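# Survey of secondary and tertiary structure
If you want the building blocks of each chain, they are given just below.
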Amino acid sequence: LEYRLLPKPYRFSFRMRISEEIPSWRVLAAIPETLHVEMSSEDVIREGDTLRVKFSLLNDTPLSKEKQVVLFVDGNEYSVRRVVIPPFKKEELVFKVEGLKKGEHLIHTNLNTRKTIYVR
Amino acid sequence: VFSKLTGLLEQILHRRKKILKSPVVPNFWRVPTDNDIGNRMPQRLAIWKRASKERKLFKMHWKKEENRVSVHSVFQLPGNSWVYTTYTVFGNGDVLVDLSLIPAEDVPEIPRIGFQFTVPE
Amino acid sequence: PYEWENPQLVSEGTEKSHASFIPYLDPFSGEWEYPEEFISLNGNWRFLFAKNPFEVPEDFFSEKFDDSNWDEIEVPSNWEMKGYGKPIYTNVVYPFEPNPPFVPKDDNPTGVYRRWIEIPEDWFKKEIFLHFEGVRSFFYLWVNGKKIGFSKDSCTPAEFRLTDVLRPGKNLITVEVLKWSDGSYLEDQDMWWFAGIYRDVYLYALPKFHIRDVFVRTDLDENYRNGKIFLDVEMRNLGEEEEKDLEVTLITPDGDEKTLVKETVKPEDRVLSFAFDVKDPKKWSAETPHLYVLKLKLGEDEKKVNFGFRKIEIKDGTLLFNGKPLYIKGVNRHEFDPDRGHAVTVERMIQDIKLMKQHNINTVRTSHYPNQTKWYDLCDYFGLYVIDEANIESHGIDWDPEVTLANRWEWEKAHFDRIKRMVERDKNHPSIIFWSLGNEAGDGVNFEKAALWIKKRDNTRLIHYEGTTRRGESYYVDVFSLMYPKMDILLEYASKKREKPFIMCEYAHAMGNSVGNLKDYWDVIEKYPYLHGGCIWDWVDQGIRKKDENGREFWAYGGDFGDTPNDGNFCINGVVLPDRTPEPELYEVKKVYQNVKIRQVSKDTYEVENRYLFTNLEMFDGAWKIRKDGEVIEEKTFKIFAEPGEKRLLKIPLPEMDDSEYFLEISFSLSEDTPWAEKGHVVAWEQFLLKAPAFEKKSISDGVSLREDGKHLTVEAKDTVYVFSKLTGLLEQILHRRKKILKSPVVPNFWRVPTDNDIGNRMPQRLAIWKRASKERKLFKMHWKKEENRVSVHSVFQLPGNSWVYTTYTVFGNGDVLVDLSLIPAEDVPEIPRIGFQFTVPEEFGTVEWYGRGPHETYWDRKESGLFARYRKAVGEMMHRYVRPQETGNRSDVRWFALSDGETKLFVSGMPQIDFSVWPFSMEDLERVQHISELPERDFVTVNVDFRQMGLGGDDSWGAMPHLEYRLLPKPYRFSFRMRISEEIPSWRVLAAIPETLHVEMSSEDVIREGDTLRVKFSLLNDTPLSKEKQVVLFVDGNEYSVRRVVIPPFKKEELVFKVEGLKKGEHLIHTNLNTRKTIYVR
Amino acid sequence: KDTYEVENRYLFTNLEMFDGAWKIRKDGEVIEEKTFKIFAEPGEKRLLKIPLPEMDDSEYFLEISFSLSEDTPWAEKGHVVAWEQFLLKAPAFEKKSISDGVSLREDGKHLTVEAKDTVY
Amino acid sequence: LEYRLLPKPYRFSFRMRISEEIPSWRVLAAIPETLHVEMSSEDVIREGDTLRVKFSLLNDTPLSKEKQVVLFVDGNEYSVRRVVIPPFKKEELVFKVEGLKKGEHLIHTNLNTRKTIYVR
Ligand SMILES: [Mg+2]
C-alpha cells in the first residue's frame, strides 16, 4: 500500500534554465505565497440544530498550493480538510458543527479567521 | 513558444537554437515490468496510458507582470480526470513548471505523475 | 467484393474537403452570387428506374447508347416523390435484414441519370470541377463513357477534377445511384428512407494557380473590446510558372474597406498564415448579427467569406457567449417538406427561420446530419445559434462494446470521413457554436479519435455527443448532454461542483397534443447553476401530402404506402404541421422562451427584468391594458430604459373599481420593422389579477310545477320544461318555447380520447374501467323534493369499478338550473382521466363566446400562454386538426360560455369556474378515425363541461406520465355549474340564493381512565341542494390535534370517528371548527 | 482584481454628486492615481473597471475613495465620505545565503557574539 | 471569543538589524526549514484490538515550527494533531486507530511516512 499513488488530488513543480553554465540549485525567483480566505456562517442557531461554516480559498499565485484547513471550536480541534488549489482558482468548503449547547461559542481556523456564534 | 490549439509548450529557442524535438506533455504511464504483467496492471490501469497520449484543451489564458508572464492550460483526460499546467517565465530566463492533477471519483490508482519531452541526441 | 458493400472504401477520384464558397450570400443586399465561369446542371435529365443494380441495361454509360425512349426527371429531387418506388418509414429497425456490411441484391432501388452538356473553348486554359452538393446513398460517375470514381456520404458534397477527360463542345455525364449501401448502416435516423440526386449540381473553372481553402478565426481580449483575426490561406498550383499578385481586403458592416495583405507570390503548393489586430469591432450574436467580409484575389481567382467576431467558452462550468451567460432556447429541425421530401427550397428555409425567431427560439440543432450550405448562411444573416451534427447514427446495431460499429476497426475511416467532411465544409460560419459527433451511434475508439482531431483543428467551438455522456462523464466532449432527462437528474447535476455545463439535446417530446410542464423545466434551469437549456423535439411533423379515394387531402405517415415493416405515426413529432401551420403547443414555447420577466410588487407597482444578453429594453414599445370582465377599458403606451440584467420599477395608476373582475396585461413589441418581423410584433407579455369580483345571490319568489307519470318527471319554470327519466335517472330533454335543445341525455363523463403520450404509457389499458363507467351505470335510487320556489331531482348511480356518483338538479322559478356532481371512487380503482358532464345539441348551435383563457386550447400543464379575455368563434374552429386525431379544443379557467343558434342562447357559468370543449362529432367518432380526412359530417354538437382533465405530460412518449401535480388521484370530488336557456346572455356574477349550512352533532364518553383512548363521533347532515367539501379539525385544550377531509353529497349524513391518545388526569376541552364543544374528565 | 462592484446605500443621493478616485500603492508608496465619476441611484449596484499595470515582486494595494465635488454647509470640497482598500498582489520574499563569519567569546558571566560592526 | 488568546502553544519570530540605512524588508537570511520524522507501530494486531502509531519530530533548525500532523488510513483522512516544536527539541505523539477489519491496511501521513499493517 505504502508505495502506491491512490486517486486523490496531487501537485508538483520544478525550475528549468537553459544557460552556458550550471546555476546554484539553492537560489530561486521570489513569488507571493499567500491565499485569500473568507469564512461565513449563521451568526446564530437553536440548541439541537447544525452550524454550517463556509470557506472560500482564492489562489492568485503562480504555483499549486496544498493546505490543511483545521476548524477550532472553543479552542479545541474539531475537524480538518485537505485541499489542493491550482493557480487562478477559488475553492469552497462546508464544515458541519454538531452538539453546541446554549450560549456563545468561538469558531476560528489556522488561516486567521474568527467568529462568535450564539446558540438560543 | 506555446500553441493556442494544443495548450502545450512546443519549442524552446536558445540563441536561435532549437532545444525541444517534441512538446512537454503531462505523463502518467510507465512501461510494464514483469511484476506489473503478473498483477494485470496493463488492463487495470489502461485509462492512464490513454490519458498519457490524448487530452482535450478546455481553457487557456496568460497574465503578464513587470518581471514575469504566466501561461495556464486546463485539460480534461480519459477517465474524466482534470490536469492544470502553469508555466511562469521570469526576466532572468528561469521557467517555473507546475502541475495539479484532480482525478475522477471512479478512476483506479496512478502508475506515475510527471512531464515528458525529447531533446536532440 | 462490391465497392457499395466495403466500409473501408469511403470514396474514389474525389477532391479533398474545403470550406463553402458557392453560392455566396451578400450580407449588404441579401442576394445570392455565383462565379462568372459557372454552369448549373439543374433541370431535366434522361432517367431509368430499376428494382436492383443487376436489372440495368448493359453499356448504359456509353456515348453510342440510345436513351431516347427513357423518362425525363427534374434535378434536384427524391424519386419517391416523383412516382418511382415507394417511401419507407422505420424508427430503429433497418428496412433490410441487418448483417453489416451486406445489403440485398434482389431489392435495392437503383436510378441512372444521363445528360449532355456544352463546355466553352476558353475554359480549357483553366481547371474544371464537377460538384454534387448531396446524393443518397451511393453513386458511380461516368464522363464521355470513362469511369471517374464513386462517393458514399449522403449529406456532404462530392467534387471531381475533369480537365483531362472533358472536350470542347458537347460532353456526356452518366450517374448511377443506389438507395442502400454499406453507408446506409450509419444513416439509421428516425425519418423516411428516400434516394436520388436531391441537391444541386454544377460545373465551375479556376485558374491553374488558385486558392483551394480559407480558414478565418477570431479572438477577443479579456474585456471583449478589441479583436484579432487569424487567417489561413492554402494555395494549389497545377502547371502555372509566372508569379501572381495576392490581395486581401476587409469590409466592415458599415461598408468601409481596408487592405490587410498585398504581396506577389511564386506559384507553389503552400499554406500562408496571417494575424491582424482590429479595434472595437462590432460583435456578432443571435440578437445582433453583424458580419464582416474577407475579399481574396489571387491573379484572376476571386472568393468572398462572411465571418463575425464572437467567443464561446466555459468558465467554472458556466457557458459564456462574448462574456455573458448563454441560455440555449432551442429546437431540433429535420430538413423536410411534404411535397419535395429532403429537396427543400430557400423560400421554405426563410419561412422556417422567421417563424422560429417570431416564437422566441434562439437555437437550431441540425438533427441529425449537415444541411444545405445555404441554411448556415441564413442563420449567420438572420441571427440563430447552430449545433451542426455529422451524418452518423447506427441505432439498429446493438451498442454492446463488442457489437457496436463505434468499436469496429473496419468502420474506423468511415466515422472519421463523415465528421471531417462536415467540419472542413462549415468551419467559417459564426452561427455554428457546437460540433456534434452524431446521434445514437454507441461509444468507442472510432468517436474518441475523430473528436481529438476536431479540437487540434478548431479550438474555437465546443464538442457535444450524447452517445458518450449517457454512460457518464467523457473526456473528449466539452458539454454534458442527456435526452429527455426527468427533473431529478437536472437537480442532481446542479447539487455538486461541475466543470461542464448541462444541455438537453432533446426534451419535451411534441408528438401529437403534448409539450406539458415546459414552464416547470425552465423554473429549474434559471434557478440552479450549471444548467444552460436545451432543444425541443422537434420543429416539423414529417407528414407526406397524399389524396384518398374521394380525392380529399390528408397527411400520410408509416403504413400509408403499403410499406412493411413500418413504425406508423412516430415520425409526427412537431410543434408545427407539415405546411408550417403552428400547433397550439407553439404558443406555450413562445411564452416560456420570452426574454423579459415581470413581477407584481404591489397592485400598482411592477418590476421588469431584462434577460436579453446584448439588447436594451429602450428598443421596445411598452403598453399596459386593464380588462373589466374581459373587455379593455384602459390602454397606455410607455418606454422603459433597462440594460441587460437590470431590474426597473413600473408604476401604473389604477382607476376606482366596481364589483366586476379586473385583469392587467403588460406587453413589449417591436418599435420598428426588422428583417424577421413587422412593427407591433409582440416579443413578451405578462398578466395579473387586480381585483376578484363580487358575486350576487338573488332570492327567487317565482314558483315551479311538477308532473309525475310512469316513465317521466316533468319540471316547468317560466317557458322551459325539463324532462327526467325514472328508468335512466338522466335529464333527457329540455323544451324551450316548445323547441327541443338536447339531441342526447346529459351523462356523467370520466373519459378523454387517448393522446400519443397516453398510448405510450398504456393509459387505455390501465384506465379502461373509467371508459366503461362513461357508457354504463346502474340507477340505485332516485327521489325529488319540491319547495315554494324550487324542485331538486337526485339520482344515485354505481359504476364499473364499483365507484358511486351522485347527480343533483335544482330548477328555480326564474328558469335557472344548478347541476351538481359528487364522485366517491372505490378503494382499488386507478386514477381518473376527466371529471365532467357530456351532452349533444343540434348543429344549428354554431357560434360560441366565452370569458376565460384563450384564444387557443389550453390544458392543466400547458396554459401559461392563455390570456384572460372575452372571445367569439364558430364551432368548426374550436378544435385543432392533429395529423392523428386526438383529444383537442379544451378551454381552461372559464367563468362563462354561451352557444347561439341566432335567437336562443344556452348559457353556462362556473361556481366559480369550469373547463369546456365543443366538437362537431361524437367522442366515439374522434377515437375511431386515424386521419383528418375520415372525420365525418354530423347534424349535432357534443358539449363537454368539466371540473378538470389530467395533464398532457410528454417528458417522453414511451412511458413517462404527467407530473404528479396534474393527475386526478382516486379521492372524493365534487363539482357544480349553472345553466340557463334564454334569448339574451345573463350576468355570470348573479346566482340564485340557497342555504349553505350543515347540521352537526359531536358525541363521546364524558370520561375515561388515564392510559385509555377517547372516541369522538361526528354526524354531518347535508339537507342543501349542493355538494359540500369540509375540513373537520379537532382541538384539544385549544391546540390543533387532528383534521379530516369530507365530501357530503346532497340529502346525506356522514359519520366520523377521531381517536384521542395521551390525556393525563384532569378535565380537558374538546371542540371543533363547527361550533361543537365538550369538557372531558380523566380519572 | 480589475473589476469592483459599488453599492449606493444613501436614501436620497445619486453617487454622481461625488468625485471618485483610485490609487495603487507599491510597498506603501503610491505609483498611480486616477479620478472617475459613477452614476448610481439609491440602492443600485454599478461595476467599476480599473486597468492594472505590470507588477514586480513588490506588494501592491488598491484604495477606492469618494469625496465632496464642491463645498457643503458642514464641510469643504475634497472631504472623504467613503473609502475601501484591497490587496492586488502579495510580495515575493527573498532569502540570501550568507557567506560571512561570526565570532564568539565566553567568560564567567557573559557570552559575546561579533558580526560586522555589531556586538551582542 | 474571536479576539482572545486562549491557552494553547504559540510561536512568533522577527528579524532585527542595526545599520546606517534601512534594508529591504522582503530580503532575509536563508535557513534550513525541514523536520526529521520517524513513524512506528505494531506491524500487526487482532481484529477488535487498537493500533498505536508513534511519531517523533526533531527540530534542529533555529526557528519554532507549527505543523498539522495528519494520519491517513487506506487513503482516507482519519485524525489530525496540531504541534509547536521549539528549536533543538524532539516531540512525541501517539495516535489510536480503531475498527480495522481482517486484511492488510495502509497507514501514512503528510510527512512522507508510510507502513503496511496486518489485522489477524
Ligand atoms: Mg405535435
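Overview of the structure. (Residues numbered from 1 in each chain as written, not as in the entry; some residues may be left out. Chains lettered and ligands numbered in written order. Part of a larger assembly, values for the part shown. Heavy atoms only, no water.)

## What to know about the overall build of chain A
On a plain count of helices and strands, chain A comes out with 0 helices and 9 strands. Computed over its C-alpha atoms, the radius of gyration of chain A comes to 20 Å, more than 25% above the 14 Å expected for a compact globule of 120 residues. Viewed in the frame of its principal axes, chain A has a C-alpha envelope of about 70 × 35 × 25 Å. Out of the 120 residues belonging to chain A, those deemed buried represent 42%. Sequence-distant contacts in chain A: of pairs separated by 6 or more residues, those separated by 24 or more amount to 59%. When the 21 positive and 17 negative side-chain charges of chain A are each reduced to one mean point, those points stand 2 Å apart. (Helix = DSSP H or I, 4+ residues; strand = E, 2+ residues; numbered from the N terminus. Rg over C-alpha atoms; globule rule 2.2 N^0.38 Å. Buried < 20%, exposed > 50% of the residue type's maximum accessible area, 1.4 Å probe, protein only. Contact = heavy atoms within 4.5 Å. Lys, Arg positive; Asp, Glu negative; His and termini not counted. Charge placed at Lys NZ, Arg CZ, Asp CG, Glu CD.)

## Comments concerning the coordination of the magnesium ion
Residue and element names in this part refer to chain C. Coordination of the magnesium ion by the protein involves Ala510 (O), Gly574 (O), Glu583 (OE) and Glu585 (OE), with metal-donor separations of 2.3 to 2.7 Å. The sequence pattern describing where the donors of the magnesium ion fall on their chain is A-x63-G-x8-E-x1-E. Residue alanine 510 is found in the loop between β33 (502–507) and α7 (518–525), and its partner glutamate 583 is found in the loop between β36 (553–556) and α8 (585–593); the two are separated by 73 residues along the sequence. Each member of the pair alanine 510 and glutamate 583 is classed as buried. (Donors = N, O, S within 2.8 Å, 3.2 Å for Na, K, Ca; no water.)

## Observations concerning the pattern of salt bridges
Note that side chains of opposite charge can pair when their charged atoms are close. All names here are of chain C. On inspection of all chains with the given rule, the structure shows 121 salt bridges over all chains. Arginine 418 serves as the salt-bridge partner of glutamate 187, at 3.2 Å between the closest nitrogen and oxygen. Separated by 231 residues along the polypeptide, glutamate 187 in the loop between β13 (169–178) and β14 (191–193) and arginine 418 in helix α3 (residues 412–426) bring together distant segments of the chain. Like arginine 418, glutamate 187 is buried. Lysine 228 is paired through a salt bridge with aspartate 277; the nearest N and O atoms lie 3.5 Å apart. You can see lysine 228 sitting in strand β18 (residues 227–236) and its partner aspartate 277 sitting in strand β21 (residues 270–278), a full 49 residues away along the chain. Judged by relative accessible area, which is 37%, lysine 228 ranks as partly exposed. Judged by relative accessible area, which is 54%, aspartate 277 ranks as exposed. (Salt bridge = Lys/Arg side-chain N within 4 Å of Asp/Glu carboxyl O.)

## What about the sheet that holds strand β68 (residues 1068–1071) of chain C?
Within a beta sheet, neighbouring strands are joined by backbone hydrogen bonds and run either parallel or antiparallel to one another. Residues and elements named next belong to chain C. Across the sheet, which stays open at both edges, the 5 strands sit in the order β63-β69-β68-β65-β66 with mixed pairing between neighbours. The open sheet has two free edges, formed respectively by β63 (1007–1008) and β66 (1039–1048), since each of these has just one partner strand. Relative to β66, strand β65 (residues 1028–1036) runs antiparallel, the two being bridged by 9 bridges. In the strand pairing of β66, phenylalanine 1035 is matched with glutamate 1040. (Pairing = 2+ DSSP bridges.)

## With respect to empty space enclosed by the protein
Residues and elements named next belong to chain C. Under the counting rule described, the total for this entry stands at 12 cavities of 30 Å³ or more. Taken together, the elements giving at least two residues each to the lining of the largest cavity come down to β1 (24–26), β23 (301–307), α2 (373–382) and α3. For the lining of the largest cavity, a count of residues per class yields 6 nonpolar, 5 polar and 5 charged. Counted as a void, the second largest cavity has a volume near 100 Å³. Built from parts of two domains, the lining of the second largest cavity gets at least three residues from each of domain 2 (208–310) and domain 3 (311–594). (1 Å grid on protein atoms, 1.4 Å probe; cavity = no way out; pocket = protein on both sides within 12 Å on 5 of 7 lines; lining within 4 Å. Points joined across faces, edges and corners; volume = space filled by probe spheres on them. Nonpolar A, V, L, I, M, F, W, Y, C, P; charged D, E, K, R; others polar. Domains from an automatic or database assignment.)

## As for the interface of chain A and chain B
Each partner contributes to the interface: chain A provides 28 residues, whereas chain B provides 33 residues. Here chain A packs against chain B, burying approximately 2,800 Å² in sum over the two surfaces, 62% of which is carbon and sulfur. Where chain A packs against chain B, one counts 4 salt bridges. Among the ionic pairs, B:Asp94 bridges to A:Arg17, the shortest N-O distance being 3.0 Å. In this assembly, chain A and chain B are joined by 13 residue pairs in polar contact. With 8 residues, strand β1 (residues 10–17) of chain A is the single largest residue contributor to the side of chain A that touches chain B. For the side of chain A that touches chain B, the class distribution of residues is 18 nonpolar, 3 polar and 7 charged. (Buried area = accessible area lost by both parts, 1.4 Å probe. Polar contact = N/O pair within 3.5 Å; in protein donor to acceptor, adjacent residues only side chain to side chain.)

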